[PDB]
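So this one's two forms of a single chain, laid out as structure tokens and tagged structure 1 and structure 2.
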Structure 1
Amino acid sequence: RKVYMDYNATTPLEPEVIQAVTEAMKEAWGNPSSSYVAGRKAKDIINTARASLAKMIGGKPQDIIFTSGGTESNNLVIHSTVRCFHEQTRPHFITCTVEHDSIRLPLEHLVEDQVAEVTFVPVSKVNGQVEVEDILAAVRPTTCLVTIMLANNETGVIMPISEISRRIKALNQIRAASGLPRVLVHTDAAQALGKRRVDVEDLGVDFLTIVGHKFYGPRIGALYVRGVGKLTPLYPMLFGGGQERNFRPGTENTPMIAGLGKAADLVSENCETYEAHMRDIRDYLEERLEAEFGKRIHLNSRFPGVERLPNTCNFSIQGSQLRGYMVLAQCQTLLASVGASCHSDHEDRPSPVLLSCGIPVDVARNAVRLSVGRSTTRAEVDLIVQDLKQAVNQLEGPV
């Protein structure tokens, strides 16, 4: 046995989800657009999953659009916002400096191409959180969208989405006084789902990104769009056959949708359970890491007075020989990462997100991200703490 502690990179599929995908491949294989029963059958599994996703986040079914994953969902909100601005001088966006590559790069690309302007608001180097005032201060007459991740994938810090939406709703009243349209709010909730409750009315957002493989579901995803086509405009990236009410054309992937729906049902039924278990194992892990390493360890996810994911513990051990990727190379049991899985090609570099959060360069170079899951046990925490002790001995030696 290896001990997996990289659930923020991806999650295995729950057996009920594997079953739903398999059943659908075999039994609901018809084109969902087809007029005969074989078609109507797959369409029913898709409608049921649409309702499952909406229930998971406290929304309505018609507010859910299925996509190929979180990258597409995030690019779609951004693309749609540009088109909306042109159907209403460049559109302006507000986001923060620790967003996932699928929010940061499409925005950097719009800037390079001179299509839009973007303020990448820095996060507080004190609490690793973006500050609401900095967002509000960045609004311009051409600002069209605020996009801020619900939870950070490397630190686990929760951003104040609710407060941002509330304050942006107020500003929107005054903006209308000057005939200016509304600033909308999107949150990338990839890392919050199945780890803490997510409710769109509580968050106040107009768009929200859902990523299946972060909550034991298949590698597809969706986009919540508040009262889509009525309350909130959505302009497509793709053109074709009319599926997803023309917001996302292409023959629907029924099996993946069935599994995302089943995965969503498990989050609706058990989210608090998953949360409590993750918290229990993560706090135990931090207790053990401090007990074994003392003043040599730094807990990079424990920013003062801010909420954080229940399962995440990003940490560093003091020492020149303890660069994160070298510590993990020496471990024999633990499976973890030094940052985003998609950043695995530059692991010898300190995480720019940790740098953005005010973590010193020498501390960031040594960072390892442990993210626990629904099955993780205290016996497993003990095994990887022991593994980390031997790895640190091999590299830094005794101190």
Structure 2
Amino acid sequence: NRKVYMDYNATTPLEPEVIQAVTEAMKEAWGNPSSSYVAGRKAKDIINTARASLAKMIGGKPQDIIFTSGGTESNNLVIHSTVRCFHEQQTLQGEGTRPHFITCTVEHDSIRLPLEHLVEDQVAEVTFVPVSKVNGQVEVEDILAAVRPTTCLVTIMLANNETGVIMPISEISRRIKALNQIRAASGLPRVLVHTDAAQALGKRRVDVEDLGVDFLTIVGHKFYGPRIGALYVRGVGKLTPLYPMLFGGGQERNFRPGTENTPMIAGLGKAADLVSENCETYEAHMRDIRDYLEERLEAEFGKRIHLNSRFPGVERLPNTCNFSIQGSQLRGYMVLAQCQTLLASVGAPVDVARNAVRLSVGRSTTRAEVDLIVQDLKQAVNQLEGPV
């Protein structure tokens, strides 16, 4: 009678171990993090341990991790800091010359909107680069060609939010690194690189040395953790500048003031541990379920269905299947409205985007669950488009 959840890329339930860490921290580490009494000291140690956990998860160092209220804050912080950094570099050499940003057309709202805002306000310029109407992967050459003397930052999501396709962050980092050497010769400042890794963590190995990026966004609720987040900044305050959006009491080394939310940090820390320990096991399970699912969808729907995440040679998240079924009555929201068991979300090439549905599986998803939603999808399609 039960529902089958396949919307893990939108949010995830909390691992039981995460829930416990949060509950315990609330109970026992309720003190102000600076203090020397027990509850305070336990909060300090928890925060310190969680910082190390997030660093390990991404192959960075504890000091490179700044805790935030969520992915949105992390994303806005990078964008904000960049504008400030540019202004600080023009006042140090000395609406007029404005910071320039390079991003892609399919970013999350918390990257696209802050950037649209800066353009509307005439505070900055932005190039939104298109994804490949084929792979739906940005092309590295479009990013390098959009660079200007005032370009400050390239922010590109690690994976396509609708389809799961992996963007080429490594190559982008390497080729920007080479360009920075020429820029530096001409007294031009370094273009930094940020990646919103929100969808990758817990699903695919994320290593900052491998990615070569300067900033990386971490989002708790995408990996069975609580609703807070963090931001990685390569050697923050030494190798990479970070200007804060908030002002106050000194916490997070004045990069992000406000009393630390110990329980949330304890949960994010545990969530991160679990990724560090089991990423490969998660990814394998996800891949088995998503592949079995795509086998069942082609068996059932045949020529009528188009798998929008799958391309030969194109790496993608292990758990994502974005598909479209041909037919004027199979618009994505209509298909989902008619399903009685499946929980998923709309997944949106033009005619195909209107009928796109994004299925995203999780750590517990089973083939038996897959069978239930293919059957569900079968009745929904019959109701709407009818037999063909």
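Residues that one form lacks are left out of the comparison. When a residue number appears, read it as a position in the sequence of structure 1, where counting begins at 1. We call the rigid core the largest set of C-alpha positions that still match within 1.5 Å between the two forms.
With the two forms aligned on their rigid core, point out which item of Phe293, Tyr274, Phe120, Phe303 shifts its C-alpha by 2 Å or more between structure 1 and structure 2. Result of the superposition: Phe303 is the only one at 2 Å or more.
Large Cα move at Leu335 between structure 1 and structure 2, threshold 2 Å, rigid core: Shift of 2 Å or more: no.
Note yes or no: does the Cα of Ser33 move by 2 Å or more between structure 1 and structure 2 after the core is superposed? Comparing the forms between structure 1 and structure 2, which are aligned on their rigid core, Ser33 does shift its C-alpha by 2 Å or more.
Give the rigid core superposed Cα shift of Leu223 between structure 1 and structure 2, in Å, rounded to one decimal. Taking the core as reference, the C-alpha of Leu223 is shifted 0.1 Å.
Which stretches of at least three consecutive residues shift by 2 Å or more at every Cα between structure 1 and structure 2, once the core is superposed? Shifted runs of three or more residues, which all move 2 Å or more: 33-38, 303-305, 360-362.
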